[PDB]
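The block underneath contains the structure these notes are about, expressed in structure tokens.
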Amino acid sequence: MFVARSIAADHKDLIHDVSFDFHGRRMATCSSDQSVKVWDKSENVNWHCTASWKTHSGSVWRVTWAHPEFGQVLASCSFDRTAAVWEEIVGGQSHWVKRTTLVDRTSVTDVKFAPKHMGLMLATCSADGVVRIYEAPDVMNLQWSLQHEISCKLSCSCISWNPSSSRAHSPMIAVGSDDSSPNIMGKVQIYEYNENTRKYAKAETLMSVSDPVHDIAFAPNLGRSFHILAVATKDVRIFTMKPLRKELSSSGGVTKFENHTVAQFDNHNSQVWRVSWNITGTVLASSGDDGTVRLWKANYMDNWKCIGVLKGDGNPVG
Amino acid sequence: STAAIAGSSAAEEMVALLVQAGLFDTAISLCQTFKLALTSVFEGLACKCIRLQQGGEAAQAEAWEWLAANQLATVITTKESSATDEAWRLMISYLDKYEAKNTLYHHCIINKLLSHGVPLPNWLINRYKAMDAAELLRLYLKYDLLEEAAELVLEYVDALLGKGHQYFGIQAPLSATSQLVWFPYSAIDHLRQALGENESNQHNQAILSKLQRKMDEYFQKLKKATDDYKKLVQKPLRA
Amino acid sequence: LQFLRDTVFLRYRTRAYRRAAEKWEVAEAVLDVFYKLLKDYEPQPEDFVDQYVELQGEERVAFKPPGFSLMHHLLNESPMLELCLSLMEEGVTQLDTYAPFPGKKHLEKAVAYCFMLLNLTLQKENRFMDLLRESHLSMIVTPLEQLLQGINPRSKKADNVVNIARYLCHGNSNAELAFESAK
């Protein structure tokens, strides 16, 4: 019996995105009006606009929060070919201050902070088919150093860090490929950090994702011996990735992978545009051209099913 | 022991034994007094960084002693990194700070690096490619890096066509008439020879054909720009 | 490696030596290098994977490590082995004379080297054979024990083992050799 309560946003232009902070006490919204707004949740469960500023002169494609250990930090990326880092400089005098602009050749299609145990790192991807990884050398001085350039050889549309804090797994990034490519398949690529070469190397290519990829999400690993990846294309796909075996005598490779499609769902009825896991990785949300958000969950027999569908008027489908 | 041998030393035996056992500060000081320009310190530190990156446990235990014998001006800001990152940070520092008018610099470093195996750690490269936008192409085609050499050349041509010129220290593309444009013809001819000496190699032939097609596009646009410059310079001997 | 091996072993067998002792010195010097290359080598799955480098328009199998090579040559009867086995036989024959010939020590050292080579060989043998079976390389290798069993061609009998033994008779005279032998 989910209940939705409308608020009068009164946005100058429609906001193309909303992002919660890590604690779900704050949200950021962004719009065609060239602004970002920040909203704080009162004790009475009401939202109040606490900051509003003009951010750019280009289509803000993505917004992301840093981990709260680095303070109140936002990153945004744009059609203007830049990513920007913002810090909430409060006195009640909040005024999200631009700390840097990353300027290294085409639209920056996605931006994601790395898992906190890797430090204050930011990945960007661009339609030039490059992923760039920056590091802030001082968390108190939000200067950024370009650490890595990863040539994907396909237009990058989206990126996901593997959130696994296990020291048994090298840092991993999934990347997509929007290119319609009548033929080229492999539109999801996986990169692994190689300690011996101090470089990201291509570990995997999901050859079954011959369709254009719109979004990708690694599931929270929560002690599994295998990774789970959701992929948004013309359908919703779920992959399990099992790392292969090993010998302590010597090792310098990407440790090849066994990949299985465990689910494929065409029930979207339109090019599924977004996929998002809940905080436990037990429920998937998807959105598509059918004007619905769908909720997916496995039962105790690992059988995934839909568990909810919505309407244009805002009512949940009976 | 060398206590006794310091009892009869000299202005460079010292420098060497000390650059030997860590102490990468005491010696930058002894040198800057007796003015004797020091590339042995940077080569030796680069060697220790390489040995650590391929080093065993025992090497990590010994490394904390020479790392502590320096500060590291200021340490840290987040996730830790087993030395590794430690000596590479003393790098950025002992470089940018103690730096020279000529070349105790990029060159000596890139060299000891391609010398013992290394996809170059991207900082150095990015910084010797808008300050000295070529000669490295040479360090590359010498240290048998044919693949990466063809890459650098392509990148430079791309810059020259107005695309990404800021990442190549280039001021102009088809603008402000014609000024200077150094074309690395000898390195391109070595690439053509090396691609022709591999023959069977299909991958090298695919790269060579891609490079040739791109060079032809460049020479056609260069011919047009030169013909338009000739028309521009002919207006005016009518003042 | 090639150089060393070939040249010096061939010689070690036939090439005049004004000084009779020099003959064994050359053998010792070469075998010392072989031993260090095989002992220093460790192999982890990448070794049996091999690549062909394009040199002057001809694909040539590149250069596996020192010891991948050293070891392939030991698991078959390439002369090395023979020669190693012959050197051991010669060592025991000379030692059985108990006469004070010059070079007796050098020989000891060399034979020691040989036996040590042999010893490490078995362990690493199990290992490589195993890997070798996993890598689908068309390389046929034989067990060290099987090689020990095989009758010497010149002898035309299974004296390979017999000789080794005989080194136990010199246990007072040369204990190191004795230990290795028993092992």
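So you can find residues: chains in the structure tokens are A, B, ... in the order shown, residues in each start at 1, and ligands are numbered from 1 in order.
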
inquiry  = Quick one: residues within 8 Å of residue A:95, only C-alpha atoms, excluding same-chain residues fewer than 5 positions away - as number ranges by chain?
reply    = A: 51-53, 88-90

Residues just named, written with N, CA and C atoms as a PDB file, in the first residue's frame:
ATOM      1  N   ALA A  51      19.222  25.048  -0.954  1.00  0.00           N
ATOM      2  CA  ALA A  51      20.083  25.723  -1.916  1.00  0.00           C
ATOM      3  C   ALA A  51      19.513  25.647  -3.333  1.00  0.00           C
ATOM      4  N   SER A  52      19.787  26.676  -4.134  1.00  0.00           N
ATOM      5  CA  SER A  52      19.375  26.769  -5.534  1.00  0.00           C
ATOM      6  C   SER A  52      20.378  27.637  -6.277  1.00  0.00           C
ATOM      7  N   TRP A  53      21.060  27.089  -7.279  1.00  0.00           N
ATOM      8  CA  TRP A  53      22.047  27.844  -8.052  1.00  0.00           C
ATOM      9  C   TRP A  53      22.077  27.402  -9.513  1.00  0.00           C
ATOM     10  N   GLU A  88      29.331  21.638  -0.652  1.00  0.00           N
ATOM     11  CA  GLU A  88      28.301  22.438   0.021  1.00  0.00           C
ATOM     12  C   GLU A  88      28.970  23.370   1.038  1.00  0.00           C
ATOM     13  N   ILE A  89      29.417  24.558   0.622  1.00  0.00           N
ATOM     14  CA  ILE A  89      29.974  25.515   1.590  1.00  0.00           C
ATOM     15  C   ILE A  89      28.770  26.134   2.308  1.00  0.00           C
ATOM     16  N   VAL A  90      28.548  25.754   3.569  1.00  0.00           N
ATOM     17  CA  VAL A  90      27.560  26.398   4.447  1.00  0.00           C
ATOM     18  C   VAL A  90      28.303  27.392   5.350  1.00  0.00           C
TER      19      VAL A  90
END

request  = Please provide as a PyMOL selection string all residues within 8 Å of stretch 192-208 of chain A, with the sequence filter that same-chain residues fewer than 3 positions apart are discarded (counting only C-alpha atoms).
outcome  = (chain A and resi 148+150+170-173+185-189+252-257) or (chain B and resi 53-54+118-119+121)

Once you have the residues from the selection above, write them out as a short mmCIF file (atom, residue, chain, number, x, y, z; two decimals), in the first residue's frame, restricted to C-alpha atoms.
data_model
loop_
_atom_site.label_atom_id
_atom_site.label_comp_id
_atom_site.auth_asym_id
_atom_site.auth_seq_id
_atom_site.Cartn_x
_atom_site.Cartn_y
_atom_site.Cartn_z
CA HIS A 148 43.94 6.74 -15.72
CA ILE A 150 40.79 3.68 -20.44
CA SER A 170 40.96 -5.86 -7.92
CA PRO A 171 39.10 -2.55 -8.54
CA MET A 172 36.61 -3.13 -11.39
CA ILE A 173 34.58 -0.86 -13.70
CA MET A 185 28.23 -6.85 -30.38
CA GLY A 186 30.05 -6.54 -26.93
CA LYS A 187 28.41 -3.30 -25.81
CA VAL A 188 29.26 -3.96 -22.12
CA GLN A 189 32.97 -4.12 -21.22
CA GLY A 252 49.67 -11.60 -13.32
CA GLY A 253 46.39 -11.78 -15.28
CA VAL A 254 42.73 -10.63 -15.36
CA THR A 255 41.80 -14.20 -14.07
CA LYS A 256 39.21 -15.06 -16.83
CA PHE A 257 35.43 -15.28 -16.03
CA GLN B 53 56.66 -2.62 -8.03
CA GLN B 54 58.22 -6.04 -8.85
CA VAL B 118 56.80 -0.21 -18.02
CA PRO B 119 53.68 0.91 -19.50
CA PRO B 121 52.92 5.61 -15.48
#

Chain B residues near chain C within 12 Å, closest pair each, using only C-alpha atoms, as CSV:
residue,atom,partner,partner_atom,distance
B:193,CA,C:56,CA,11.0
B:194,CA,C:56,CA,9.4
B:195,CA,C:57,CA,10.0
B:196,CA,C:57,CA,8.5
B:197,CA,C:56,CA,5.6
B:198,CA,C:57,CA,4.9
B:199,CA,C:57,CA,5.5
B:200,CA,C:57,CA,6.6
B:201,CA,C:54,CA,7.1
B:202,CA,C:54,CA,10.9
B:203,CA,C:54,CA,11.5
B:204,CA,C:54,CA,10.4

ask   = What's the 10 Å shell around residue C:4, counting only C-alpha atoms, without same-chain residues fewer than 5 positions away, as a list in words?
value =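 Listing them by chain and then by number gives residues 9, 10, 29, 30, 31, 33 and 34 of chain C.
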
request  = For residue B:129, work out the shell of residues within 9 Å, counting only C-alpha atoms and skipping chain neighbours fewer than 4 positions away, then give it as JSON, numbers by chain.
outcome  = {"B": [124, 125, 133, 134, 135, 136, 167, 168, 169]}

Keeping only C-alpha atoms, take the residues you just selected and write them out as a JSON list (two decimals), in the first residue's frame.
[["chain", "number", "residue", "atom", "x", "y", "z"],
["B", 124, "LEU", "CA", 55.29, 11.49, -16.87],
["B", 125, "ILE", "CA", 54.02, 10.95, -20.22],
["B", 133, "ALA", "CA", 56.27, 17.10, -28.39],
["B", 134, "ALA", "CA", 58.28, 14.48, -30.10],
["B", 135, "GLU", "CA", 61.64, 13.27, -29.05],
["B", 136, "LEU", "CA", 60.30, 10.37, -27.22],
["B", 167, "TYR", "CA", 47.29, 18.22, -25.74],
["B", 168, "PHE", "CA", 50.21, 18.82, -28.23],
["B", 169, "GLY", "CA", 51.56, 22.36, -27.50]]

key: chain B residues near chain A (6 Å cut-off, only C-alpha atoms) as a list in words   = residues 77, 78 and 79 of chain B

request  = Starting from chain A, keep only residues with some atom at most 12 Å from an atom of chain C, counting only C-alpha atoms, and report them as a ChimeraX atom specification.
outcome  = /A:246-253

key: strand (DSSP E or B) per DSSP on the backbone: members of chain C, as a PyMOL selection string   = chain C and resi 52-55+58-61+152+157

Go ahead and write the residues just picked, C-alpha atoms, as a PDB file, in the first residue's frame.
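The new file out_12.pdb reads:
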ATOM      1  CA  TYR C  52      55.860 -16.269 -32.306  1.00  0.00           C
ATOM      2  CA  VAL C  53      57.805 -13.051 -32.827  1.00  0.00           C
ATOM      3  CA  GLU C  54      58.125 -11.698 -36.410  1.00  0.00           C
ATOM      4  CA  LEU C  55      61.860 -11.308 -37.146  1.00  0.00           C
ATOM      5  CA  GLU C  58      59.885 -15.021 -40.632  1.00  0.00           C
ATOM      6  CA  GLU C  59      57.798 -16.052 -37.555  1.00  0.00           C
ATOM      7  CA  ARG C  60      60.061 -17.542 -34.961  1.00  0.00           C
ATOM      8  CA  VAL C  61      59.017 -19.107 -31.749  1.00  0.00           C
ATOM      9  CA  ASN C 152      72.620 -46.720 -21.598  1.00  0.00           C
ATOM     10  CA  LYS C 157      72.467 -52.587 -20.231  1.00  0.00           C
TER      11      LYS C 157
END

request  = Please provide as a ChimeraX atom specification all residues within 7 Å of residue A:235, with the sequence filter that same-chain residues fewer than 2 positions apart are discarded (counting only C-alpha atoms).
outcome  = /A:232-233,237,264-266,268,271-272

Next, dump the selected residues to file, keeping only N, CA, C and O atoms, as an mmCIF file, in the first residue's frame.
data_model
loop_
_atom_site.group_PDB
_atom_site.id
_atom_site.type_symbol
_atom_site.label_atom_id
_atom_site.label_comp_id
_atom_site.auth_asym_id
_atom_site.auth_seq_id
_atom_site.Cartn_x
_atom_site.Cartn_y
_atom_site.Cartn_z
ATOM 1 N N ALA A 232 20.507 -2.753 -18.871
ATOM 2 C CA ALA A 232 19.348 -2.185 -19.545
ATOM 3 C C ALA A 232 19.642 -2.020 -21.040
ATOM 4 O O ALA A 232 20.572 -1.305 -21.419
ATOM 5 N N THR A 233 18.865 -2.696 -21.884
ATOM 6 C CA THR A 233 18.952 -2.601 -23.351
ATOM 7 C C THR A 233 17.544 -2.427 -23.943
ATOM 8 O O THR A 233 16.751 -1.653 -23.414
ATOM 9 N N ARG A 237 18.429 -7.467 -18.657
ATOM 10 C CA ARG A 237 19.258 -8.673 -18.495
ATOM 11 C C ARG A 237 19.951 -8.689 -17.151
ATOM 12 O O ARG A 237 20.414 -7.658 -16.671
ATOM 13 N N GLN A 264 16.401 -12.698 -18.468
ATOM 14 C CA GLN A 264 16.151 -11.783 -19.571
ATOM 15 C C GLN A 264 14.650 -11.493 -19.602
ATOM 16 O O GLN A 264 13.846 -12.425 -19.671
ATOM 17 N N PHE A 265 14.277 -10.220 -19.509
ATOM 18 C CA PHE A 265 12.885 -9.789 -19.415
ATOM 19 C C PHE A 265 12.550 -8.747 -20.465
ATOM 20 O O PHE A 265 13.016 -7.608 -20.409
ATOM 21 N N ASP A 266 11.663 -9.131 -21.369
ATOM 22 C CA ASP A 266 11.106 -8.305 -22.431
ATOM 23 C C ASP A 266 9.795 -7.619 -22.019
ATOM 24 O O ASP A 266 9.187 -6.940 -22.834
ATOM 25 N N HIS A 268 9.173 -5.225 -20.376
ATOM 26 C CA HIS A 268 9.212 -3.742 -20.258
ATOM 27 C C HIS A 268 8.208 -3.128 -21.242
ATOM 28 O O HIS A 268 7.568 -2.122 -20.864
ATOM 29 N N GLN A 271 12.000 0.269 -24.945
ATOM 30 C CA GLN A 271 13.456 0.260 -24.640
ATOM 31 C C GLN A 271 13.662 0.633 -23.166
ATOM 32 O O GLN A 271 13.563 1.836 -22.848
ATOM 33 N N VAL A 272 13.882 -0.369 -22.306
ATOM 34 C CA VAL A 272 14.126 -0.142 -20.886
ATOM 35 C C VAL A 272 15.239 0.886 -20.767
ATOM 36 O O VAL A 272 16.338 0.674 -21.263
#

key: Spatial neighbours of residue C:177, 12 Å, only C-alpha atoms, chain gap at least 5 places, as a ChimeraX atom specification   = /C:88,91-92,95,105,107-116,164-172,182-183

Would you export the selected residues with N, CA, C and O atoms as an mmCIF file, in the first residue's frame, please?
data_model
loop_
_atom_site.group_PDB
_atom_site.id
_atom_site.type_symbol
_atom_site.label_atom_id
_atom_site.label_comp_id
_atom_site.auth_asym_id
_atom_site.auth_seq_id
_atom_site.Cartn_x
_atom_site.Cartn_y
_atom_site.Cartn_z
ATOM 1 N N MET C 88 78.656 -38.687 -14.709
ATOM 2 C CA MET C 88 78.475 -39.392 -13.441
ATOM 3 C C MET C 88 79.187 -40.740 -13.462
ATOM 4 O O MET C 88 79.812 -41.133 -12.473
ATOM 5 N N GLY C 91 82.779 -40.080 -13.356
ATOM 6 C CA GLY C 91 83.124 -39.663 -12.005
ATOM 7 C C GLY C 91 83.343 -40.825 -11.057
ATOM 8 O O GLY C 91 84.338 -40.861 -10.328
ATOM 9 N N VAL C 92 82.498 -41.782 -11.101
ATOM 10 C CA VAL C 92 82.559 -42.934 -10.208
ATOM 11 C C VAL C 92 83.744 -43.818 -10.585
ATOM 12 O O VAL C 92 84.454 -44.321 -9.711
ATOM 13 N N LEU C 95 86.773 -42.105 -9.418
ATOM 14 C CA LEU C 95 86.832 -42.110 -7.960
ATOM 15 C C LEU C 95 87.145 -43.505 -7.433
ATOM 16 O O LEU C 95 87.788 -43.650 -6.389
ATOM 17 N N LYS C 105 88.752 -32.943 -7.141
ATOM 18 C CA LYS C 105 87.819 -32.069 -6.434
ATOM 19 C C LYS C 105 86.808 -31.454 -7.397
ATOM 20 O O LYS C 105 85.619 -31.363 -7.081
ATOM 21 N N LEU C 107 85.919 -32.400 -9.977
ATOM 22 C CA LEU C 107 84.972 -33.330 -10.479
ATOM 23 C C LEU C 107 83.941 -33.476 -9.440
ATOM 24 O O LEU C 107 82.803 -33.673 -9.746
ATOM 25 N N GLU C 108 84.354 -33.439 -8.197
ATOM 26 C CA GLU C 108 83.404 -33.664 -7.162
ATOM 27 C C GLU C 108 82.384 -32.597 -7.273
ATOM 28 O O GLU C 108 81.204 -32.870 -7.218
ATOM 29 N N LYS C 109 82.834 -31.374 -7.429
ATOM 30 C CA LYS C 109 81.908 -30.273 -7.443
ATOM 31 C C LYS C 109 80.964 -30.410 -8.578
ATOM 32 O O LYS C 109 79.782 -30.153 -8.449
ATOM 33 N N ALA C 110 81.491 -30.797 -9.712
ATOM 34 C CA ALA C 110 80.656 -30.878 -10.879
ATOM 35 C C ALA C 110 79.615 -31.953 -10.752
ATOM 36 O O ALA C 110 78.502 -31.823 -11.256
ATOM 37 N N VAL C 111 79.983 -33.052 -10.137
ATOM 38 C CA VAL C 111 79.065 -34.156 -10.056
ATOM 39 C C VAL C 111 78.024 -33.816 -9.047
ATOM 40 O O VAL C 111 76.899 -34.300 -9.081
ATOM 41 N N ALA C 112 78.425 -33.002 -8.107
ATOM 42 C CA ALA C 112 77.497 -32.609 -7.107
ATOM 43 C C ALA C 112 76.481 -31.778 -7.786
ATOM 44 O O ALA C 112 75.274 -31.885 -7.527
ATOM 45 N N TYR C 113 76.969 -30.908 -8.644
ATOM 46 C CA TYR C 113 76.073 -30.030 -9.335
ATOM 47 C C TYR C 113 75.107 -30.886 -10.078
ATOM 48 O O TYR C 113 73.905 -30.654 -10.075
ATOM 49 N N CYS C 114 75.631 -31.900 -10.703
ATOM 50 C CA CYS C 114 74.791 -32.734 -11.483
ATOM 51 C C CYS C 114 73.692 -33.381 -10.686
ATOM 52 O O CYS C 114 72.540 -33.424 -11.108
ATOM 53 N N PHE C 115 74.048 -33.962 -9.567
ATOM 54 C CA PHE C 115 73.068 -34.662 -8.784
ATOM 55 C C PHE C 115 72.023 -33.713 -8.259
ATOM 56 O O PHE C 115 70.882 -34.094 -8.052
ATOM 57 N N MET C 116 72.431 -32.496 -7.948
ATOM 58 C CA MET C 116 71.483 -31.554 -7.389
ATOM 59 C C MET C 116 70.514 -31.195 -8.467
ATOM 60 O O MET C 116 69.307 -30.987 -8.219
ATOM 61 N N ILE C 164 75.105 -45.097 -10.122
ATOM 62 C CA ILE C 164 74.754 -44.113 -9.097
ATOM 63 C C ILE C 164 75.160 -44.655 -7.813
ATOM 64 O O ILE C 164 75.933 -44.073 -7.071
ATOM 65 N N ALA C 165 74.595 -45.775 -7.531
ATOM 66 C CA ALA C 165 74.940 -46.469 -6.371
ATOM 67 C C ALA C 165 76.325 -46.394 -5.946
ATOM 68 O O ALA C 165 76.607 -45.963 -4.865
ATOM 69 N N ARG C 166 77.151 -46.986 -6.737
ATOM 70 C CA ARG C 166 78.587 -47.122 -6.518
ATOM 71 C C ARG C 166 79.153 -45.899 -5.806
ATOM 72 O O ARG C 166 80.178 -45.988 -5.126
ATOM 73 N N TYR C 167 78.478 -44.757 -5.910
ATOM 74 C CA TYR C 167 78.925 -43.540 -5.242
ATOM 75 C C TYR C 167 78.820 -43.679 -3.727
ATOM 76 O O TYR C 167 79.505 -42.973 -2.985
ATOM 77 N N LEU C 168 77.933 -44.645 -3.279
ATOM 78 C CA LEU C 168 77.791 -44.917 -1.854
ATOM 79 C C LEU C 168 79.068 -45.529 -1.288
ATOM 80 O O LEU C 168 79.348 -45.400 -0.094
ATOM 81 N N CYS C 169 79.862 -46.167 -2.119
ATOM 82 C CA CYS C 169 81.129 -46.766 -1.711
ATOM 83 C C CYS C 169 82.138 -45.690 -1.322
ATOM 84 O O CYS C 169 83.077 -45.959 -0.571
ATOM 85 N N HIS C 170 81.904 -44.527 -1.803
ATOM 86 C CA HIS C 170 82.794 -43.406 -1.525
ATOM 87 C C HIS C 170 82.214 -42.493 -0.452
ATOM 88 O O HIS C 170 82.464 -41.286 -0.458
ATOM 89 N N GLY C 171 81.354 -42.999 0.375
ATOM 90 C CA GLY C 171 80.664 -42.250 1.415
ATOM 91 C C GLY C 171 81.607 -41.649 2.442
ATOM 92 O O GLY C 171 81.385 -40.533 2.916
ATOM 93 N N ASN C 172 82.769 -42.300 2.690
ATOM 94 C CA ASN C 172 83.737 -41.782 3.651
ATOM 95 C C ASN C 172 84.602 -40.685 3.038
ATOM 96 O O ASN C 172 84.990 -39.738 3.725
ATOM 97 N N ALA C 182 71.892 -41.212 -1.994
ATOM 98 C CA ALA C 182 70.913 -41.937 -1.252
ATOM 99 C C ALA C 182 69.569 -41.303 -1.429
ATOM 100 O O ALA C 182 68.523 -41.975 -1.474
ATOM 101 N N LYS C 183 69.578 -39.991 -1.449
ATOM 102 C CA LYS C 183 68.326 -39.300 -1.566
ATOM 103 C C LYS C 183 67.633 -39.689 -2.841
ATOM 104 O O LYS C 183 66.432 -40.037 -2.861
#

inquiry  = Residues within 10 Å of residue B:139, please, as a ChimeraX atom specification. Count only C-alpha atoms; anything in the same chain fewer than 6 positions from it doesn't count.
reply    = /B:107,110-111,114-115,145,149

message = One decimal, in Å: what's the spacing between atom CA of residue B:9 and atom CA of residue B:45?
response =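 Atom CA of residue B:45 lies at a distance of 23.3 Å from atom CA of residue B:9.
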
key: Distance of atom CA of residue A:107 from atom CA of residue A:151, expressed in Å to one decimal place   =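 Separation between atom CA of residue A:151 and atom CA of residue A:107: 15.4 Å.
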